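Quick heads-up: the structure tokens below are two forms of one chain, split into structure 1 and structure 2.
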Structure 1
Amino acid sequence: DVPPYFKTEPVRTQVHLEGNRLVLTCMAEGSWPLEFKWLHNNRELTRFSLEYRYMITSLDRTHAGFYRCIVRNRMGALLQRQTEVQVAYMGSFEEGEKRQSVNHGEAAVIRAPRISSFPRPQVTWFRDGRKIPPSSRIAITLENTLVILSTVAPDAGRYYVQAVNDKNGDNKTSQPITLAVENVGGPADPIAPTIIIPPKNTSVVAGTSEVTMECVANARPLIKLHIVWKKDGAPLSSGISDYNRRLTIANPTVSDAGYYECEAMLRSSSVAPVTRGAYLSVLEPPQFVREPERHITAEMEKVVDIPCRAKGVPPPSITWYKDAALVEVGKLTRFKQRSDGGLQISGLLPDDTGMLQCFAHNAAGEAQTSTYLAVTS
């Protein structure tokens, strides 16, 4: 009479190549009989059986998504930790040839032609078979948009991209975009600082290595263009790269979160700078500070309390299951959940016997614990 439990929980995320085979396992132990069923995006994929494996002989990108297992025996049922199968692939540049036009001095903004791919491909800008590296006059954004500051006539031509998927090695070339540069009025006219690419609202899990805010500015003459970064109003003096276009935070913490501003101005000038801002949110995955005991016995018809509190950013939501089924909490029920997080059961029916599972969820993760509740008296 052993209730189910998991010997090993699967990894949260995993990347596979298209065409390769895929084996998932429900590694559990318990007392005969131990049955297993599989869920794909919370929809039944199998019914209960003796088969603990779910196998896909040949992966497709359409197989990407969430999988999990349910294990059960005559004493109860457990919901396995959910995993995300990510299928590495790369489509083609379906877009045709394009053409844009700009006047000299104006910034030329050329978005990277669309392509669907996992992971996101590495993109490199080209023109006449020559690579186009970022310069003081040429920016390539995080979105792989090509910006050409204070364009001159020789900037006109056919630009295109090459895209390489890092995990399957695929290499595609896009159709070209033809930039025309016009000549209206003298090319010596001054231009006040402009922000072509403002910072974007950006979120990162604290268990990452880097996070980058970006801001691209245009001016004439480009040489006296200066970009200052700020956090919550205060200037920053490190982590700045590109030509002051990129602000890179290493190993971000919850403290690094906040409002980041980009200010473009002319050196030794007369003018109010132009400012654009965006928030950086830093999250922590859920993590228990209070777990119920892995075996619990209460008696009919008293009330029992099962403690469960989690820690994380933002404050994680606590959700209860009984035998892999969402517990019905509410005032017309015997079950009620403290804002504390714990679960209180009143009027213990013999059928309240089984496996209870506490799930702590937030946008950056999911944690889970189980207990065996046995009714006596």
Structure 2
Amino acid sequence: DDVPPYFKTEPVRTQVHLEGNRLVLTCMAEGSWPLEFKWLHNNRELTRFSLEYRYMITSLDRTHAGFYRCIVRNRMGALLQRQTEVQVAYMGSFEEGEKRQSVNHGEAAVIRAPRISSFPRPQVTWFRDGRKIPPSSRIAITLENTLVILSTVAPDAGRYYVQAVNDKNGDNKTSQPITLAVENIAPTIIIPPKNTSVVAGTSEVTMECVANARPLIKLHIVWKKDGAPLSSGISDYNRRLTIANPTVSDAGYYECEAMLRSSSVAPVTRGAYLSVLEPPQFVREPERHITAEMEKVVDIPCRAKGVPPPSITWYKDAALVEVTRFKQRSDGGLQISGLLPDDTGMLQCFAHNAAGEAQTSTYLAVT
């Protein structure tokens, strides 16, 4: 008939799956006959148009990971689906071989964990000569799984290796030993806070600061958000700052201040920005159906807000609009001047972020 395509629902932005498990992607669109469907992987065609609204993978492997989206069409026009990221849980082997490292006695030893390919990042247990190494006042283990001995002693010498476990599929692999040799002061920050981005509602995000001082027992780490002292979410010998349920208000400059108690010496601070992200949301949208006369000018509205502020891209029947008779306003609205009857079809406005994308559509009829 004459019902333009439209989506009944949108897919989740991200989805994690096990290797060997089945994946079923759906294009939940409605519209007039014949409603046909085309699938894309990383914006590259997987299928040709058909009445099949599903894309099914019987047994997932790593090569299947990526962004999927469908294109729905009929006689009226075509729409680009909001894309979903399919992530496949896997774990490779430990690549590196045995290695050697040397540190001076009483100084900090920084031993980075051997690289292993894995999604998600694996949980890592450190071993010294077959014995587990839990965190302590002089032993720090970073979010990057880096081992940091704050003040080395002779019996620190030995063979260090990691056990890495993938929490999603339960894969468990052990690396080759790293031999540490121990060879015969104001507060310093060894592992500074890194810039961290997170989407609102992620439930947890952690900043980290590993500090060192002589004497070590007098070392005290103070956490601040935009200069304001923090007193919650702090753990792991004051090296981790964790924000539960982060919101855009939880964004800002988080600094780690390393100081010595009962000491005159000045503290040292290192800081990083926490970016809490909100996916795009439309403020103004075009009407479902727009009618306009030939050779005339039509203004099609599209405003969106998000954190960071969303960029706006227009599509005509699942294809990119070149902005010519087409102009895009600063607000993001589309202006089509000198309307031709062949400008008839589905126009789509995509508001995209680092946190995700949103879409709104309309059917333009040129009389």
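In this text, rigid core is short for the largest set of C-alphas that superpose within 1.5 Å between two forms. One-based numbering along structure 1's sequence throughout.
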Check: Considering only 137, 81, 104, 230, which residue exhibits a C-alpha shift of no less than 2 Å between the two structures, with the rigid core used for superposition?
Finding: 230
Checklist line | Exceeds or equals 2 Å, Cα of residue 119 between the two structures, core fit | finding: no
Next item on the list: Using a superposition on the rigid core, decide whether the Cα position of residue 153 changes by 2 angstroms or more between the two structures.
Entry: no
Notebook entry, point to check: Is residue 252 one of the residues whose Cα moves 2 Å or more between the two structures, with the core superposed?
Noted result: yes
Notebook entry, point to check: Supposing the core is put in the same place in both forms, how far has the CA of residue 362 shifted between the two structures, in Å?
Noted result: 2.1
Checklist line | between the two structures, how far the Cα of residue 197 shifts once the core is aligned, in Å | finding: 1.9
Next item on the list: Give the C-alpha shift of residue 265 between the two structures, in Å, after superposing the two forms on their rigid core.
Entry: 4.6
